[PDB]
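The block underneath contains the structure these notes are about, expressed in structure tokens.
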Amino acid sequence: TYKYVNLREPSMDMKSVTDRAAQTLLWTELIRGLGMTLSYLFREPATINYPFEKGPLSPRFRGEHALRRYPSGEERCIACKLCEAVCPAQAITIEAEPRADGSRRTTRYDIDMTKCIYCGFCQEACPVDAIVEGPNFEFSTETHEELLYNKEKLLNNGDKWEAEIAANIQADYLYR
Amino acid sequence: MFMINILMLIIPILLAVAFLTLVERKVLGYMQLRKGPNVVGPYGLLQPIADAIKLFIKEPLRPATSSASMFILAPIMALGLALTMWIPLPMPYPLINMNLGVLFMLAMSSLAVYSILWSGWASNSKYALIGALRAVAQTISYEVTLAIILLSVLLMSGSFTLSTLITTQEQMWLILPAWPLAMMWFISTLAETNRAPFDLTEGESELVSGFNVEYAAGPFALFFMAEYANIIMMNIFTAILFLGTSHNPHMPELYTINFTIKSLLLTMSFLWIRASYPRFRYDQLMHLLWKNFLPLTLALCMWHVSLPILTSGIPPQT
Amino acid sequence: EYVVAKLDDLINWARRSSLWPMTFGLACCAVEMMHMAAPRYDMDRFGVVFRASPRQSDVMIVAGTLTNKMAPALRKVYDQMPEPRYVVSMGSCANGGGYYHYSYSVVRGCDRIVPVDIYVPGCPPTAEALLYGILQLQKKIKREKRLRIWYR
Amino acid sequence: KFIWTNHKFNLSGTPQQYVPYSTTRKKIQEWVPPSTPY
Amino acid sequence: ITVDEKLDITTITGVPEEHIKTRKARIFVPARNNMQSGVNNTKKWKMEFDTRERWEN
Amino acid sequence: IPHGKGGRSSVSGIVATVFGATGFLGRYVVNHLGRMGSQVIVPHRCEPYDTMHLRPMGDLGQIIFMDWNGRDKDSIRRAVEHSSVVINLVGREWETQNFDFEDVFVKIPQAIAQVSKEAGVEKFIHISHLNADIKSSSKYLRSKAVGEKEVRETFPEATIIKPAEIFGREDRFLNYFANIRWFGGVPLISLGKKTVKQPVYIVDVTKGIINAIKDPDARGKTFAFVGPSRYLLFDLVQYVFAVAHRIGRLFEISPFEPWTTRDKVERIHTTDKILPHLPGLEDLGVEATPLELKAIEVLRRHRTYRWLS
Ligand SMILES: CCCCCCCCCCCCCCCCCC(=O)OC[C@H](COP(=O)(O)OCCN)OC(=O)CCCCCCCCCCCCCCCCC
Ligand SMILES: NC(=O)c1ccc[n+]([C@@H]2O[C@H](COP(=O)([O-])OP(=O)(O)OC[C@H]3O[C@@H](n4cnc5c(N)ncnc54)[C@H](OP(=O)(O)O)[C@@H]3O)[C@@H](O)[C@H]2O)c1
Ligand code: SF4
Ligand code: SF4
Ligand code: SF4
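Top line first, the protein sequences correspond to chains H, X, C, S, V and L.
Reading the first sequence from the start, the letters are residues 37 to 212 in the UniProt record's numbering.
Reading the second sequence from the start, the letters are residues 1 to 318 in the UniProt record's numbering.
Reading the third sequence from the start, the letters are residues 64 to 215 in the UniProt record's numbering.
Reading the fourth sequence from the start, the letters are residues 107 to 144 in the UniProt record's numbering.
Reading the fifth sequence from the start, the letters are residues 53 to 109 in the UniProt record's numbering.
Reading the sixth sequence from the start, the letters are residues 41 to 286, 301 to 363 in the UniProt record's numbering.
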């Protein structure tokens, strides 16, 4: 359909034009709002007082990585070379080679933490359900020699909290 | 000990102009819905001791391209005519008694803009060059709006001194009778001293940063402490020239008490604006003075001249 | 003797408690910088007043992606800043370039161009791991200007 | 089990910043020359 | 109209650098990965260059 | 073993170490090892933040920092244990109010000529100066020619180096002049006689090392560094005013880091051009650089535009 805005004409009669000459010359407008709508300061401030208080999130949040393990640990990753092949940024790097018993596992697993674009494509391709984006924004170290991760940085970083992780998926896994 | 009455003035004021900068962002804080500098204080009241000390540690570069002889005599001012102007200003007892002194402000109101033209030119090219030129041009066209509407009332009080101007406002708060003028006494000092709604001189929007752009932490405390030594004075004036208190030959002290609970309300006006209104685009900025502000100010002068004469009113002075 | 090391509980507490950060808007990451100065998480008034001119700053901040044609601009601006300067990159594109890291017209990494100090990792860092990236930099002044004059 | 007891931090140099390394076995296995006899 | 016939064997110069004369390209029909029997990965004549050293970082 | 091409993010098989490497010279060498690939372990004394302006020098995981004192015989033994070549630029100007300066050219260059020799470094290197002669001169210039004698005993293979008065970008040699806005230029000592020395440009010296850094076949065999042509005039002090058209300091200021009314004034006029028989440069070359052309760059003053020289 339509509408027309800013289409109006002044009335042009001496009952009006005072009302527009009691405005220009006496400032009866322009004190209407910012004489007032500004104050209106008397509302409670809204601030999350940071070092202590913190704000909301959701169980589907994304962040620092992990590699779980079952009960008594198997290093849940089977090195099926997938979370590697859907990765848009191509951070992941994986090198398998048959472990002594003959069950296969990894050797090098490196997520670069600069390239990773935080998809949620590597949480959703792993069929054996290993690699999982943690909900901890712990980060920010002082040397780029660092953020590159090896395998045996990840596991700890994913065994430091599994009380966080293992209780999110069981909220979220019923939807997908 | 007359020398210890002076130095008791220059020092105790540099604390206000310091601790204004804090109440700058608390009051302007809760307009935004938030709290003001908080973490460091505990209340924040301790912020400005940490800020005064970061600058003078922080290295004061000069442009390789500057003329150093001007790059000093200019700021060696922005802190004089700001601290001299305070001298003859009754509260209630002014340090000096100047016969005709009211006129002496305009002497020192007129001689500061000749410290802008130096600095912005002293340094270098087009952000402070033609950018410090055309803030000259607006600063001198808001005097003719001024000296007249200062001269109006002085027909209504009799003389040029300030000891009479407490007597005449006795039981009449001089803002009734000329309330049309009083408005224009306000938009002037806000337009002349480069504050919020006509903001252009110091740049944010129209340019990068006006006139401050070159000075690093070293000199730039002075201006940032000079520009706030005018603003709390004209506003510590307006309220001796309009909203009068009642002298008390007995408890002088209750004069100033009730006097800073006015001049300190009044000031909190250039902060209560700055949250609110936008800028003027330098055409509209002067283009609204000649056409609009001025014709009245003449017309009223033809009025406050006759009103005493036409009522046998003529105020008792020479 | 001991006066110096007690003096640096002043000057090394002054420079950390008032910062005048420049910012670079370039790319997505700029908006999750704004919301640090919006009232929720309120950047200013926690000690750090927001943007000033290039000359008056201390901590510049790099958001966004740095192409070829922006490099000649940055390296110049980083200079003019006064002494006590730092560089805190943020976002997954100042760390080695997000993606675009294989492109032709993106510099790879923005450490290459300047001596960067603190990092933060992810398309937009969540407006949180920003401030917890600064409460690293206000804790990264434990340094002392003693023990240069006063040892050697 | 298979999870920690107390905690750690993200620290800048603790002294321990972890500074990653390579996790793999060698590559080409260069030849050894023969010993003392001609 | 300026039709101006002539013959000069088309060549172009300056856009790449030294990789004009250093290398030798190759034009070959891909061979069908043999672990599977799908015959559809054939049929287009591609080209691909010589391989130079990849080292370790 | 060297791989690939020398651009960056390459190997080229040499480790290194560079002691000092904060002030004028050392910063300007490592910058030539943050290119051709290396492992440059740069230690440093007291300075946490003054070393940052360096870091975008090696690519990533190349240069790596440690902390050391140097009168502790361990601090030099913890680093070098893994190294190939190790050069040494250490030492400075004026006697410190703390370090008595006597053996800091004697004990320090030996203190790092401790287990370095033992632990199996190789191609160890040290610095000398073209003008240092064990005859009596000059209070600072002396103790430097002691190292050529005293220290050369240890590590029979050195290839210890002997360059001239050098002019860099941020250097203090030719910059003591033109800072002389003052009661007037007064030459040393008010005589136009023996100026000037062999003013080689800082690139060529810092391209000498890395040309000897795997040379090969220069070890024990010391070299000295030719200047350009040829000796020079008094005009050098006029030349300054011909074109000029007339770390870890403090927070506020430094009490004393002076012009030193001492060796400083007499160290600049000591001249003594010395033995040609040292190989010493083109052999290690190929480099030699003039003055007249390269002295505009480092000199820029309050005209900043006009030259017409
Ligand atoms: C950058 C560093 C180098 C600069 C350092 C020095 C800078 C000095 C700058 C001077 C700026 C202020 C000068 C303004 C003069 C104002 C004088 C004045 O208006 O005083 C008013 C008063 C009037 O007298 P009245 O009140 O009518 O009668 C009293 C009867 N008992 O008058 C009186 O009471 C009598 C006057 C007594 C004062 C003697 C004259 C003083 C004025 C001399 C100023 C010299 C000019 C200096 C340069 C000015 C440049 C702006
Ligand atoms: N070959 C030449 O042409 C020539 C000319 C002039 C002087 N020299 C001498 O040859 C070398 C060239 O030095 P330079 O050009 O790089 O200037 P420099 O400013 O002396 O550089 C020396 C660096 O090492 C530091 N240092 C001083 N004493 C030290 C010590 N005992 N132990 C460890 N570090 C020390 C200095 O301060 P920090 O301790 O804070 O690091 C500085 O960082 C020096 O020994 C110099 O005295 C040579
Ligand atoms: S997690 Fe899924 S994808 Fe990542 S490696 Fe183990 S199996 Fe392959
Ligand atoms: S996180 Fe996002 S980017 Fe990093 S790997 Fe998984 S998908 Fe690819
Ligand atoms: S990564 Fe950070 S910078 Fe690169 S695009 Fe996503 S947001 Fe903008």
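Note that beta-carbon positions come from the ideal geometry of N, C-alpha and C, so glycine has one too.
These are the residues, in chain order, with a beta carbon less than 6 Å from any non-hydrogen atom of ligand 1: X:73, X:76, X:98, X:99, X:100, X:104.
Listed in chain order, the non-local C-beta contacts of residue 131 (chain H) below 6 Å within the same chain comprise 143, 144, local neighbours out to five positions each way being set aside. The three-state reading of DSSP puts residue 198 (chain X) in coil, since its state is none of H, G, I, E or B.
Within the DSSP secondary-structure output, residue 144 (chain H) pairs in a beta bridge with H:131. With a threshold of 16 other beta carbon atoms within 10 Å, residue 88 (chain V) falls short and is exposed.
Rounded to whole angstroms, the Cβ separation of residue 152 (chain L) and residue 208 (chain L) is 24 Å, and the two are not in contact under 8 Å. Membership of residue 123 (chain X) in the alpha helix (DSSP H) is indicated by the continuous run 116-123.
If you ignore the 5 residues before and after residue 83 (chain X), its C-beta comes within less than 7 Å of the C-beta of 10, 229, all in its own chain and listed in chain order.
In its chain, beyond the 5 residues on either side, 111, 121, 122 have a beta carbon closer than 6 Å to the beta carbon of residue 82 (chain C). By the criterion of at least three beta-carbon pairs nearer than 8 Å, the region 151-168 of chain L is in contact with the region 196-215 of chain L. Residues of chain S whose Cβ lies closer than 8 Å to the Cβ of residue 137 (chain H) do not exist; the shortest such Cβ separation is about 17 Å.
Look at which beta carbons fall closer than 6 Å to any heavy atom of ligand 5; those residues are C:90, C:91, C:92, C:127, C:128, C:154, C:155, C:156, C:161, C:186, C:187.
Taking C-alpha positions only, residue 54 (chain L) is separated from residue 98 (chain L) by approximately 14 Å.
Proximity to residue 59 (chain X) across X:221, X:287, X:276 peaks at X:221, based on C-alpha coordinates. Contact of residue 52 (chain X) with chain L is not assigned, every C-beta pair being separated by 8 Å or more. Listed along chain V are 105, 107, each with a C-beta nearer than 8 Å to that of residue 44 (chain L).
Put simply, the region 230-246 of chain L touches the region 257-277 of chain L. At least three CB pairs are less than 8 Å apart. Under the Cβ criterion (8 Å, minimum of three pairs), the region 147-160 of chain C counts as touching the region 83-99 of chain C.
Counting along the chain, the unbroken beta strand (DSSP E) around residue 101 (chain H) starts and ends at 101-103. Residue 210 (chain H) places its beta carbon 8 Å or farther from that of residue 182 (chain C). Chain X places a beta carbon closer than 8 Å to that of residue 74 (chain C), counting this residue as a contact. Of the residues C:206, C:202, C:191, C:199, the one whose Cα lies closest to the Cα of residue 86 (chain H) is C:191. DSSP links residue 87 (chain C) through a beta bridge to C:125.
Distances taken from the Cβ of residue 155 (chain H) to the heavy atoms of ligand 4 include one shorter than 7 Å.
Residues of chain V whose Cβ lies closer than 9 Å to the Cβ of residue 49 (chain L) are, in chain order, 109. Pairing residue 160 (chain X) with residue 100 (chain X) gives a Cβ-Cβ distance under 8 Å. Within its own chain, the residues whose Cβ lies closer than 8 Å to the Cβ of residue 250 (chain L), once the five positions on either side in sequence are excluded, are 69, 72, 73, 76, listed in chain order.
Within chain S, 109, 110, 113, 114 have C-beta atoms less than 8 Å from the C-beta of residue 196 (chain H), given in sequence order.
Of all residues in the region 252-278 of chain X, none comes within less than 9 Å of chain C when Cβ atoms are compared. Across the structure, residue 185 (chain X) and residue 156 (chain X) are spaced so that their CA atoms are roughly 16 Å apart. Counting other Cβ atoms within 10 Å of its Cβ, residue 356 (chain L) stays below 16 and is therefore classed as exposed.
Residues of the region 167-189 of chain C that bring their beta carbon within less than 9 Å of a beta carbon in chain L comprise 172, 174, 175, 176, 177, 178, 179, 180, in sequence order. Secondary structure of residue 152 (chain C) (DSSP, three-state): strand. Secondary structure note for residue 11 (chain X): its alpha helix (DSSP H) is the uninterrupted segment 2-30. Proximity of chain H to residue 123 (chain S) at the Cβ level (cut-off 9 Å) is accounted for by 177, 178, 179, 181, 182, in chain order. Considering only beta carbons, no part of the region 155-171 of chain L lies closer than 8 Å to chain C.
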